[PDB]
Amino acid sequence: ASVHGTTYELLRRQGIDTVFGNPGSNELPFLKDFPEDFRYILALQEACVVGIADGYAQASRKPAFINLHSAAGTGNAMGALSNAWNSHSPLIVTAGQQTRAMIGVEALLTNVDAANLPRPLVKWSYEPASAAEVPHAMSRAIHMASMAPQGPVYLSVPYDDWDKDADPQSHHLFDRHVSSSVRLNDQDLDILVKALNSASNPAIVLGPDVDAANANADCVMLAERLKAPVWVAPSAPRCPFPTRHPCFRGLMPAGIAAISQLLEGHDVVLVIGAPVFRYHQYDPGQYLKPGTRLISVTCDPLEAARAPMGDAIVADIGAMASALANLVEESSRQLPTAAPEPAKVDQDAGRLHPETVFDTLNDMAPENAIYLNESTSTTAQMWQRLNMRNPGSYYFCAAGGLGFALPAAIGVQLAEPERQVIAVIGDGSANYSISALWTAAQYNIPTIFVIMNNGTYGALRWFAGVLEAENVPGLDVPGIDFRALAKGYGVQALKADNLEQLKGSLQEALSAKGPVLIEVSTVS
Amino acid sequence: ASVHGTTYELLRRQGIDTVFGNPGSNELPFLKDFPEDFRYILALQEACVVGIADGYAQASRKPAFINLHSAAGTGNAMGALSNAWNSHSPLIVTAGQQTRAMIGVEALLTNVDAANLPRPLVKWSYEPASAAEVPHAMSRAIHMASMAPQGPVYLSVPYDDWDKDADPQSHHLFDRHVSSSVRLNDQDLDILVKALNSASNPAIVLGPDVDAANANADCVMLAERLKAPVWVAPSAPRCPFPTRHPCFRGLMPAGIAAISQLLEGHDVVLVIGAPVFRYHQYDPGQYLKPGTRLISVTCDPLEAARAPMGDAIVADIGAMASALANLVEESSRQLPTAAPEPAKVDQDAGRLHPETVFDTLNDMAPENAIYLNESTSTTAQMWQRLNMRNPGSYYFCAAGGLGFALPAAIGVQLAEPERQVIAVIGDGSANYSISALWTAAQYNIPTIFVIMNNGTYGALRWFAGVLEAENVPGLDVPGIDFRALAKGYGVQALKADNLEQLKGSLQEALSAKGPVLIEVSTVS
Amino acid sequence: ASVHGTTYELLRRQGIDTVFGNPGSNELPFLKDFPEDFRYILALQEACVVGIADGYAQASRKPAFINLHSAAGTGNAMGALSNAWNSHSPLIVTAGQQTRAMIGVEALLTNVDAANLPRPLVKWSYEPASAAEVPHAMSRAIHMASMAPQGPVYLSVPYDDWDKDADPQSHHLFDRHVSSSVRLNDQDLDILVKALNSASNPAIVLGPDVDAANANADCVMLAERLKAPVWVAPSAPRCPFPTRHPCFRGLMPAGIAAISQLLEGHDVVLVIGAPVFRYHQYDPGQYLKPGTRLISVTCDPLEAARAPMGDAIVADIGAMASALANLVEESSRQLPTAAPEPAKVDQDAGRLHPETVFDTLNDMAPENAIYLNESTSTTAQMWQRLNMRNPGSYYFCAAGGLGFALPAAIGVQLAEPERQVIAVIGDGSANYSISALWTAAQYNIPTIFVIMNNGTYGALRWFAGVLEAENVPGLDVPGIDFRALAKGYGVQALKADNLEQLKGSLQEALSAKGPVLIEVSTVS
Ligand SMILES: Cc1ncc(C[n+]2csc(CCOP(=O)(O)OP(=O)(O)O)c2C)c(N)n1
Ligand SMILES: Cc1ncc(C[n+]2csc(CCOP(=O)(O)OP(=O)(O)O)c2C)c(N)n1
Ligand SMILES: Cc1ncc(C[n+]2csc(CCOP(=O)(O)OP(=O)(O)O)c2C)c(N)n1
Ligand SMILES: [Ca+2]
Ligand SMILES: [Ca+2]
Ligand SMILES: [Ca+2]
Ligand SMILES: [Ca+2]
Ligand SMILES: [Ca+2]
Ligand SMILES: [Ca+2]
Ligand SMILES: [Ca+2]
Ligand SMILES: [Ca+2]
Ligand SMILES: [Ca+2]
Ligand SMILES: [Mg+2]
Ligand SMILES: [Mg+2]
C-alpha cells in the first residue's frame, strides 16, 4: 500500500470522511485519487476553511480534518486557530510541504521550521522524518486532537511522501481506541458529593466544555437536585444550559469584582467545564468574597493550574457531570424561580434596536434553531432574549477573534442539516471572513446570515468611552453594501430597514432552500 | 506582604520545604531571609542540583523545588531535565532573571527569551509580566508539575520582583487542591474488566508510573487474580513489581521484534504506566503477532497518542490499578511459576565479573535497599540478580542520559533515610556529575556509590561490535582514580580489586555513617 | 559516495580536522571509519566538550566542530552554549538522532523536537528531512557559524543517514567561500573619519570582537593617531588591547552611571566590537552625560538594535578597524600618559591575597602567556596586574556562566601550543567542569590551573553585603581537596599555602611538560 492509501484508510477507520481545504501544489499529491467516500469542502481563504471546520467539529462533537497550503495557507488560518484553541476544538490541521529533496535549498513553497509556525495555538505540531512515518504521525494527530482537553493539532507532510510505500505494520493504527472518559475516584468523588449535599446555598457555573460533552441534560438534573442557580461562565463560547430553565441566571459579566459579588452568599460554587474565569474587562477586586468556596471541574490541566482560587478536578466533563447528577441528594430547598421576561424596548418605524432583532428572531425561529454571535456590542441582550432549549444552540468566537461566526455557521449547518442556523454578525465582523459565503452557495448549505449594520465598530466605541479615550482612529466602517457582497458570492440577499421589513425578510429566509443574507439597519 | 513572603507561604502551604540549588546573583533576593523552616541543599553544578532534586521527588512521590542561576545555570541542568521529562518527575525549576530595568539592554546575567530555553523538556515554561503575578505563576508551576502526567516546569523571575508588594488576593492560592486522581468511567471500566476476565492467556507489562503511583501492590493483586506473567516495560526507569514474585518475568528487551515474540500467544496484554514502548535497539519486525490484543493504561496523552498499536486509556495509574485489582475475577488458572535462580558465573581471584558484584550486593544489602543503575553494559544482569521486594527500589536514567544516578542517589537517600541507597555506576558514567559527591559529604547523606571500573565505555564498545564499526574513537577512559576523586569531595573511599576485597568493602560501607565510594575493578 | 564520506570531505575542504566529542550510540555511525587525518578530542561531560571546543575556536579564530549525544548530551552542554553565544564563538554543534524509523515512537535516545532544544542559544538549528540533505545541512551549519556575527549552530542527524548514498551534486559544497569581510561604504566612512578627526577629546572603547578579529594592532594605531584613551568594554570576555600601552585605561565598571561618568568630557566615544553595554550591577543613571556622542561599530545587528544610545554601524570588525586605523589623521594632541603601576598589597607569610597571586604570575609567566579568568571576586585586580602585550591573551566566561575556564584553557592550550596557558579559577568555579582535567592529562595538553581557594562563593558573599541581604544559604563550599581531584584525573598537583610556596609551585608548573594544578590558599 502507498502512504496515501494507508492514510486515507486510517482516516476512514477513525471516523473521518470530510476534508475542509484550500488546495495548493504541495497538497495535490495528497488530494489526488481522492476517495469516493470522502467529501471535500472548499473555501476561498484559510481562515474560512478553518472556521467552517471548527463549526463542524464543535457541532458534531468529533474531530474535523483540514488541509491547507504550506506556510502561507497555515498562516492565513492562525487567527482561526486562536479561537479553536480556546474552544477546545478537535481540529486536525494538515499542511503540505515541499518535496524532501527541495526543503534544504528553501525552494518556493517550503514551510520553514514548519512545526513552530502554529505554536503556541496547537496541542501538538510535527513534521515526520520519513514517508513511512506519515500514517503513524497522522494517528498521533487524530488522537492528540481528540483526547481531553481537545484542541487543534498540526501535521506538515512533504508532498513526495504520499506515493511512497507504507509500512505494512501501519495496519495496527487503524482501529486504535483511545479514551480519556475519566472521572474522579470513588473516595474523593464521595467527598465532593457530600460537600455539595451539605451546602446551604450552592451555585453552579457552566462553561463551553459542558456543551461540547453534551453534558447539558446532566447539569440540568444536577441543578434541579441541588436547587441551585446556574450561570454561564463569562465570555461564553457555547451555551451549556436551557436559557428558560427556572435555575438559569444568564451570562456572567466578565469581571473579577462583578463575579465575586454575584457569588456572594453562595457557600459552595461548583464550576464545570470552564476556565476560572475568562474575565475580559478590567474590574479589580476580590476573586471571591468571604464565605464562598469554589470547586472547579475542568477537562484541561492548564485551566486548573491558572485558576487564582478554588479546588480543581481535572477530568472528562461528560463523565463527571453524569456521575454528579446521579449521586447528589435531592435537596428539600425550593427550586429557584425563573428569570423574568426581558423588557420590550420601544421601537419606532425606523432603524432597528438590537433588542428588537433578537426578540423577533426568538419569535420566528424554530425551537431547535442554532445561533452564532459575532455582534460584539449586543451579546448581553442576545443572551437575555433567545430561548435556547437544546444543546448545541450557541457559538461565539472563543478567543474573541472576529472572523469565526460567518464560516463557522456554515460548518454548524453542515453538521446539523435539520436545525436552522442563524448567524448574527456585526457589519464590522462580517468582513473578516466574508469569502466564506461562497462555500454556503456552492454546497447549498442553508445558513441564514443576519448582518447587524450600524456603520461602526460599536464595541470599540463603547470601550473608548469607558476609557475616556479621545481621538481614536479607525472605529468607523461606513460604505459597505452587504447585499452586493452576498450577490458577489452567489447568496440570496435581503434588506431590513425597519421592523416590518425584518419580519418579511426573516419569513423569506426561514423558508428558503439556500443560504440567505439579511442586511439589517440597526441603531447607531 | 512582599512577593517573597507570599511566595514562601505558598510553597509551605503546598507542602514544599526544601530548595535544591546552586546560587547566583539574580537569586540572592529570593534566597535572602531564607525561612527557618526550609532546607537549602547546595550542589556544585546544576546537573547535580537537578539530579538530586529528581531522585528526591521520585522517591518522595511529591514535587521537588529547584533554584538555578539564569540561563547558564538552567543550561547546565538541561541534560538532567531530559531524564526528568521521561520519568514524569514533578520538578519545579526556578531561575532568576536580571532586574526588569536591565533586561532590555541584555545586561550580563539576562536570560534571553527565557521561557524558550528549557523547551521542549518542560510541561510549562514562563516568565511573569509583573512582580505581583509571581505568586500566581508559582502556583501554576506547582500544579503543572504535580498534575498527571507529572513533569518538570520552569519559572524565570526578575530579581527585583521579590521585594515588591504582593497582591493580597494571592491568599486564595495557598490552599488550592488540584486533583487528577481519575479513572475510567464505570461503563467502560466494566467492559475492560470483562475483557481481562475472558482472556485465556493474559500478560501484564508495567512501567515506571506504577512505581511513581505506589501502585505496585495493586498490580501484584491484579497479576495474582489474572494468574498472569508480569514484565517490566523496556528501558525501565523504575521497578514496578517484586522481582522474586512468581509472576515476574523481568525486563523486556528494548526491541520491536523481541517484544512481539515475547507476547506471542498472549491474547490480551495489559500495559500499565508505560509508554508503548520505549524501544532502543534497532530490531525491526511486527509490533504484535497475530492473536495478541494490547490495552494500555497511561497517565500521559503523549504516550497514548504515539503507541503504534493497541487501545489506550488516559488516567491516573494509582486509581486505575486499584480499581482493576479490586474488580477482576479470581481466575482458576494456575499461578505462574517463579523464574529460576540466576546462574553463578565462574569467578577467579582477579577482577570482578559484574554478575559477581550484583550477586554479592544481593547477598549483603538489606532487604529494603534502594538501587540506582548507571552501569550501562550490565543492566540485564542487574535486573536478574537483585531481589527488590519493595516499591521505590530501583532508578535508571529515564532518557538514557548519564549523570543521573550519582546525584539522584543522594536525593533518594535524603528522601528515604531509613533505606540504604546503593548506586551502581560505571567508570564512564561516574564523571558526568562527579561533583555531586560533595553534597553527600557536606550534608552527611550516607549513600553508597559502587563504581564499576573497567576502563571503557563498554556499552558503546558492544554496540560498535554489533554495527561492525571499526575505527571508532573516544571509547576508552583510562586513568581515573575514583578513590582520589572521592577524597577530593570528602567522601570515604574504598577499593575492591577482587571478591574478598569487595565483601570487605561492602561490609565497611554498609556500617558507615557517612557516604562511601567503592571503586571495583571489573572485567574488561 | 556515502553521506559519511561526503560529509567528512566537506569538513576537510572547509578546514575542519578536529572533532570535540563525547560519544553515544546515535553517533557511532558518524564516528566509525574516523578519517586518519582527523583528530578526536574526548571529554568526559558535554559542558567540558563544548568548553574545550570554545577555547579552541576563540584562540584559533576559526570554527570548532563538536559531536554530542542526542538530547541529554546536548542538554548537558547548554550552559556552555550560553557563554559561546555571548562570545560569538563559531561552534558547529552536531548531535546524533535515533534512526528515522524509530523517531515516531520516541524510542530511547530520540531527541524530541530537536531543533528547539538549544534555542535560543544558537544562530541556526536544524534536523534534515532526508539523508541526502545532510551534507548540505552541514554546509549551512559551517557557514552560519562562521559568518559575522559568529556564533554556535546546531545540527541533529538521524544515525541511519550516514551510510546512505550522497547526492553527487554535493560536490559543489566543498569549496564554497562565504565572506562577510565588509566595511562601511566610502561616503559614510569618510563622514565617520571626519567626525573622529574633528573630535576635541575622543575616547575609544573596545570589546571582545576586536580580539576575535585580531584587530588589536589596528586599534593600537587608531588610538595612537587619535591620541585617545582606550577602555575595555565591561564584562570583558577577551582582551582587545595591550594592557601597558600608554593609552590603556583598563576595564570599565559594568554600570550605567559609572560608565557615563567615565566618558564625561569626551565629546566622541568610539565603541568597537562590543555591545553597548554589557552592564551587570544595578547602577542607575544617565547612559551618557551631556556633551558625549557615542558611535558603535559592531559585527552584530542584535547589538546595534539594543544599544540605548548612539549611532551604530554593523560591519566586520577587522575590516572596519583596519580602514579606520589607516584613514584617520595623526592628531597633534599629546599621547595619553600610561597608567601608573599598581600598588603592592601588604602580604604576610600566611594565606595569599589575590593581588599577590596576580603580581607573582605577572613576574614569572612568559610574556606570551595566555590567561583565563574564572575567579569572580578578583577580576578587577587581575585586569590591573597582568601585562598582556599580545592578542589572544585573556578569556572570561562571556555570559558569566561558570564552568568555562577550566575546559576552555585546555582548548586554548591545544590551539596555541607555544603559548603557556594559565587558568586562574576560584574554588567554587573549579567544580562546574572539573572532569575536563582528564582531557588535559590524556592528551598531555600542558595547561596550568591555578585554583584560588578561599572556601566560599566570594563574589556572592560580596553582593549579599551590597544588598544588605541576611540569611542567604549556600554561599560556602568548604571541604574540597583540589590536589586529590587533580590526582583523580591524572594531573600533577601542587599546593601553595604562602608566597614562598606559590613561587616554588609556579616555577615547577612553568617547567612541567604536562598539565599542572596548583591549589593556592587565598584570603577569606
Ligand atoms: C481579528 C480581530 N480583529 C480585531 C478585533 C477587535 N474587535 C473587538 S469588537 C470589534 C468591533 C466589531 O464590530 P461589529 O462586528 O460591527 O459589532 P459591534 O461592536 O458594532 O456590535 C473589533 C474590531 C478582534 N476582536 N478580532
Ligand atoms: C550525557 C550522555 N552522554 C553520552 C552518552 C552515551 N553513553 C551510552 S552508554 C555510555 C558508556 C557508559 O560507560 P560506563 O558508565 O563506564 O558503563 P559501561 O557501558 O562500561 O557498563 C555512554 C557514554 C549518554 N547516554 N549520555
Ligand atoms: C553556572 C553558574 N552557576 C552559578 C553562578 C553564580 N556565581 C556567580 S560568581 C559565583 C561564585 C564563584 O566562586 P569562586 O569561583 O570560588 O570565586 P570567588 O567569587 O570566590 O572569587 C557563583 C556561584 C554562575 N555565574 N554560573
Ligand atoms: Ca416574544
Ligand atoms: Ca451531523
Ligand atoms: Ca457594527
Ligand atoms: Ca546469593
Ligand atoms: Ca521522606
Ligand atoms: Ca565502563
Ligand atoms: Ca612585578
Ligand atoms: Ca594553532
Ligand atoms: Ca572562592
Ligand atoms: Mg508560531
Ligand atoms: Mg530550548
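Values below: all heavy atoms of this structure, side chains included; hydrogens, waters and symmetry mates excluded. Order of the sequence lines sets the chain letters (A, B, ...), proteins ahead of strands, with each chain counted from 1.
- Interface remark: of the candidates B:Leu294, B:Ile256, B:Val178, B:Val178 forms the most heavy-atom pairs closer than 4.5 Å to chain A.
- Considering every non-hydrogen atom in both B:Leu11 and B:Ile142, the closest pair reads CD2-CD1, 4.0 Å.
- Both the backbone and the side chain of B:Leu288 come within contact range of chain A, judged by heavy atoms closer than 4.5 Å.
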Considering only heavy-atom distances, could you tabulate the donor-acceptor pairs under 3.5 Å between chain A and chain B?
unit_1	atom_1	unit_2	atom_2	d
A:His136	NE2	B:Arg306	O	2.7
A:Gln169	OE1	B:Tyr287	N	2.8
A:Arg176	NE	B:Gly310	O	2.7
A:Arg176	NH1	B:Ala304	O	2.9
A:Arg176	NH1	B:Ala307	O	3.3
A:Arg176	NH2	B:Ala304	O	2.9
A:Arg176	NH2	B:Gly310	O	3.4
A:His177	N	B:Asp311	OD1	3.0
A:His177	O	B:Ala312	N	2.8
A:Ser179	N	B:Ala312	O	2.9
A:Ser179	O	B:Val314	N	2.9
A:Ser181	O	B:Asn185	N	3.0
A:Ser181	O	B:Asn185	ND2	3.0
A:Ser181	OG	B:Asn185	ND2	3.0
A:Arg183	N	B:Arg183	O	2.9
A:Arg183	O	B:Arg183	N	2.9
A:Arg183	NH2	B:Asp186	OD1	3.1
A:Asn185	N	B:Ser181	O	3.0
A:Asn185	ND2	B:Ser181	O	3.0
A:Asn185	ND2	B:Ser181	OG	3.0
A:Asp186	OD1	B:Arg183	NH2	3.1
A:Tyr287	N	B:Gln169	OE1	2.8
A:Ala304	O	B:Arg176	NH1	2.9
A:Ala304	O	B:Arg176	NH2	2.9
A:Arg306	O	B:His136	NE2	2.7
A:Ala307	O	B:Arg176	NH1	3.3
A:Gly310	O	B:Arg176	NE	2.7
A:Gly310	O	B:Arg176	NH2	3.4
A:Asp311	OD1	B:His177	N	3.0
A:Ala312	N	B:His177	O	2.8
A:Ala312	O	B:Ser179	N	2.9
A:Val314	N	B:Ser179	O	2.9

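- In this structure, A:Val3 and A:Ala131 approach most closely via the heavy-atom pair CG2-O, 3.4 Å.
- A pairwise comparison of heavy atoms in A:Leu173 and A:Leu10 identifies O-CD1, 3.6 Å as the closest pair.
- Every side chain to side chain contact (heavy atoms under 4.5 Å, CB included) that A:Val268 has, sequence neighbours left out, goes to A:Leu196, A:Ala199, A:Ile295.
- When the candidates A:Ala304, A:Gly318, A:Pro168, A:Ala319 are compared by the number of heavy-atom contacts under 4.5 Å with chain B, A:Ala304 comes out ahead.
- Considering only heavy-atom pairs separated by less than 4.5 Å from chain A, the leading option among B:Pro301, B:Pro308, B:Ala148 is B:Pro308.
- Rounding to the nearest 0.5 Å places CG of B:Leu192 at 5.5 Å from CG of B:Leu324.
- Not counting sequence neighbours, the partners of B:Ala64 by the side chain to side chain contact (heavy atoms under 4.5 Å, CB included) test are B:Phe20, B:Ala53, B:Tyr56, B:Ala57, B:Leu91.
- At a 4.5 Å heavy-atom cutoff, B:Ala323 makes no contact with chain A through either its backbone or its side chain.
- Residues passing the side chain to side chain contact (heavy atoms under 4.5 Å, CB included) test with B:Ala215 are B:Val210, B:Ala213, B:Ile317, B:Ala321, sequence neighbours excluded.
- The shortest heavy-atom contact between B:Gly207 and B:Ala233 is CA-CB, 4.3 Å.
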